[PDB]
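Every number in this text was worked out from the coordinates using simple rules, so none of it is lab data. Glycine also receives a Cβ, built like all others from the backbone with ideal geometry; neighbour counts cover every protein chain displayed.
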Amino acid sequence: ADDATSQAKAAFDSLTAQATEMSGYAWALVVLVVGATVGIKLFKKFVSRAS
Amino acid sequence: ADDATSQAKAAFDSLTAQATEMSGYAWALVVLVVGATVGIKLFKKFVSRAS
Amino acid sequence: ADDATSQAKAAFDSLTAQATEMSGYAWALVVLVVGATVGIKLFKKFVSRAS
Amino acid sequence: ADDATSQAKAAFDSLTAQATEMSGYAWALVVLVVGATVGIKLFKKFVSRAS
Amino acid sequence: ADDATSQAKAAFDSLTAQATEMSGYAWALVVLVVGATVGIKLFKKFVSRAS
Amino acid sequence: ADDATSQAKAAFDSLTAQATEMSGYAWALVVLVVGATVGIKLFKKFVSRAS
Amino acid sequence: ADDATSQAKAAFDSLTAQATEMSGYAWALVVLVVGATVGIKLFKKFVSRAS
Amino acid sequence: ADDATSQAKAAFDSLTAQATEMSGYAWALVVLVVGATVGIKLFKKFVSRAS
Amino acid sequence: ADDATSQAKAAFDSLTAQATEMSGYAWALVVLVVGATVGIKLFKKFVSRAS
Amino acid sequence: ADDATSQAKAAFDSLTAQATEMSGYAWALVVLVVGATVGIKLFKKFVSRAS
Amino acid sequence: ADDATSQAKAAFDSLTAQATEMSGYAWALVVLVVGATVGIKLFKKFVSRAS
Amino acid sequence: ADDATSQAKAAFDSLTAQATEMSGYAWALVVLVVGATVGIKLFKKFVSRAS
Amino acid sequence: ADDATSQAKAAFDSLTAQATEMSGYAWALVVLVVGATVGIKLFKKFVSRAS
Amino acid sequence: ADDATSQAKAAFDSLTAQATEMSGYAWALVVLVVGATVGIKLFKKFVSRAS
Amino acid sequence: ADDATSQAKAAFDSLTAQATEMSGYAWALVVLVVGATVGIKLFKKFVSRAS
């Protein structure tokens, strides 16, 4: 049934938009972990600069 | 009956085209998960580059 | 389900705020290690100044 | 019988709402396992930051 | 059955509280491994400070 | 399916152009860290020149 | 059926050529990540050269 | 019938030779995926060598 | 089962006490490597003092 | 028959208590595999600590 | 059957004692790899001590 | 199949010769980085010679 | 059938000898990657020796 | 028939001894795969030791 | 099976003796790299002695 594939198609479009919403939180979580590594690694840069 | 196999043949062609439509959504869903892994893994590349 | 993505969204916001709380302790721990390197490296500066 | 399909339809709506209730507990259980991985993996981030 | 989903719901709440109890031991085990890395990595800091 | 490989090919070209955009920010971030090392290391050059 | 293995053979040749097309994009994506590591790591080489 | 087992025996020999033909394409498909992993993993080896 | 979580809890307490016993040997091993660096680096201090 | 469901009920209670006895051995077997991973992974921690 | 669970219980006790025998060889194999890392890493310590 | 191991053997010989071709570029890339360190480090030798 | 286990035994001996032939190529492939790391890492040794 | 269970019992003892003969080849096949992982992983240990 | 653990035990003893043979080559390879660092670093000692 091609009417059957219309029901499955609309639900797969809602599930892939759910994947872009959760993946958007994955870009923002690695935003805050990379903010920790840039701050901390500049602290170690000052360690070697005064050494 | 060979007329019987004509009815079964046309319905199996509609069901295999339904499999290419749903499989097209499977290529696009793994498009958005691989966009999450390329973005996030370049975030971890900047972590090691400043380290 | 889009109601399903509302439950996952609120729990991912609590987990990313948990990442900023623990990362705040990572800035303060590298605060105290960089205080050790600035103090000690000024001790070595006095070594070369009297030499 | 189309009256037969009315009895089957109402029981399949109760069974699919049962699937959203149990699946809601599956989002919350993976909420608490992902809270374990974000906490623990920030502990390993502090390991490499002091190293 | 909605009475069936009441039995499954209460057992899934006990299983998710079991996941928070075991995950609490995972935060404490990575507490003691991170205590090893902070102690040992301050030993290596004294190595470079006297060098 | 070769039509399937056309959908995957266009999304892999967008993901590799995303890798050149993020990698461009990695060249600019190491631009500013190398500006810190050239400035600071010329400060230490003046230390030895007056010594 | 050996005619059956002729249909399966031609479709497996199209699927393995699809694997060489996607794998060609994997060589080019690691081309651009290795261009980021050669550029950035020469930036760190200039850091140690002026130090 | 032992004449019956002669008809079944010859068709099972054609089906097992069909399994060696398709399995030959499985060795060649994992040939091209392992060519992707050897190329790409030598790209990551150059990443660490210049680091 | 909450009786199941009692068996898992007692074995995780024995495994975390095993982590403090092995980590105690990690503090003592870096004790003897830091004794090598303090002795040897005072040898290099006498090198520069007579120079 | 409701007397029939009394015979089936008592045998299903003995079979579910058999499932808790065998599952108790599954918690203890993963006790000894997790003791192997905590011991061995602290061995690798000493590898990186002396490095 | 509870006699059935007696046969399964004794065989699961022999299989978990087999897991402690093989895991004992895993502690000894990581004994010899950690002996390689302590020896070799003291060789690199002498490299930096004479430098 | 031993004919199966003949197909896998010839493709593993082509993949290991691919590893010697890419590794040859790794010797030449570290040729040009070591040319940078020998040139630059002789520049610093002239710094101390005129000092 | 014990005659059945004779047919399975001889084919499992040919499959395990196939595993030693492919594993022999795995020792030789890591031969050429370790030749890249010994050559390149002696290039970095000359970098620090002239520094 | 209890004479019927004597015929079934002797054939199940021959089938379980067939399972120990084939499982003996499974211990020896994972013997040769674990010999590949111990050899190759010591090759990677020498990679990090010279690095 | 305890006879099964006898086959696995003897193969794990051969694999751990293979780890001591390869690790013996790791002590000798770091023998020759430490001979390079002792020779070269005494060359730099003569540089400062005539300065």
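Once every DSSP H run of n ≥ 4 in chain O is given -39500 (n - 2.57) and the sum is divided by its residues, what mean residue ellipticity at 222 nm do you get, rounded to the nearest 500 deg cm²/dmol?
After summing the helix terms and dividing by residue count, I get -36000 deg cm²/dmol.
Calculated FRET efficiency, residue I:27 and residue E:28, Cβ-Cβ r, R0 25 Å, to nearest 0.05?
Efficiency computed from Cβ-Cβ geometry: 0.85.
Listed here are the pairs E:41/F:44; F:9/N:44; G:45/H:44; C:45/D:44; G:45/O:44; L:45/M:41; which of them are more than 25 Å apart at the Cα?
Pairs exceeding 25 Å: E:41/F:44; F:9/N:44; C:45/D:44.
Given a Förster distance of 25 Å, report the FRET efficiency between residue G:9 and residue B:7 from their Cβ-Cβ distance, rounded to the nearest 0.05.
Here the calculated transfer efficiency is 0.30.
Percent of alpha carbon pairs in chain J separated by more than 16 Å?
Tail fraction, whole percent: 64.
Nearest 10 degrees, 0 to 90: what angle lies between the long axis of helix O:2-50 and the longest principal axis of chain O (Cα atoms)?
0 degrees
Please compute one quarter of the surface area of the Cα convex hull for the protein assembly as shown and express it in square nanometres.
Projected over every direction and averaged, the Cα hull of the protein assembly as shown covers 44.7 nm².
Put +1 on the Cβ of every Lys and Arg and -1 on every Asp and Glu Cβ in the protein assembly as shown; which of M:12, H:5, O:36 then has its Cα farthest towards the positive end of the dipole?
The one lying farthest along the dipole's positive direction is O:36.
Could you compute the net charge surrounding residue O:39? Neighbours are other residues with a C-beta less than 11 Å from the C-beta of residue O:39; K and R count +1, D and E count -1.
Around residue O:39, the surrounding residues sum to +4.
Using a Förster distance of 51 Å, how high is the FRET efficiency between residue F:44 and residue C:18, based on the Cβ-Cβ distance and rounded to 0.05?
0.80
How big is the dipole moment of the protein assembly as shown about its Cα centre under a simple scheme where the beta carbon of each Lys and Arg is +1, that of each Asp and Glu is -1, and everything else is neutral? Debye, nearest 20, please.
So the magnitude is around 12280 debye.
For chain B, give the magnitude of the charge dipole about the Cα centre (Cβ charges: +1 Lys/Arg, -1 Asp/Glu; no others), in debye to the nearest 20.
With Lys and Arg at +1 and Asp and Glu at -1, about 880 debye.
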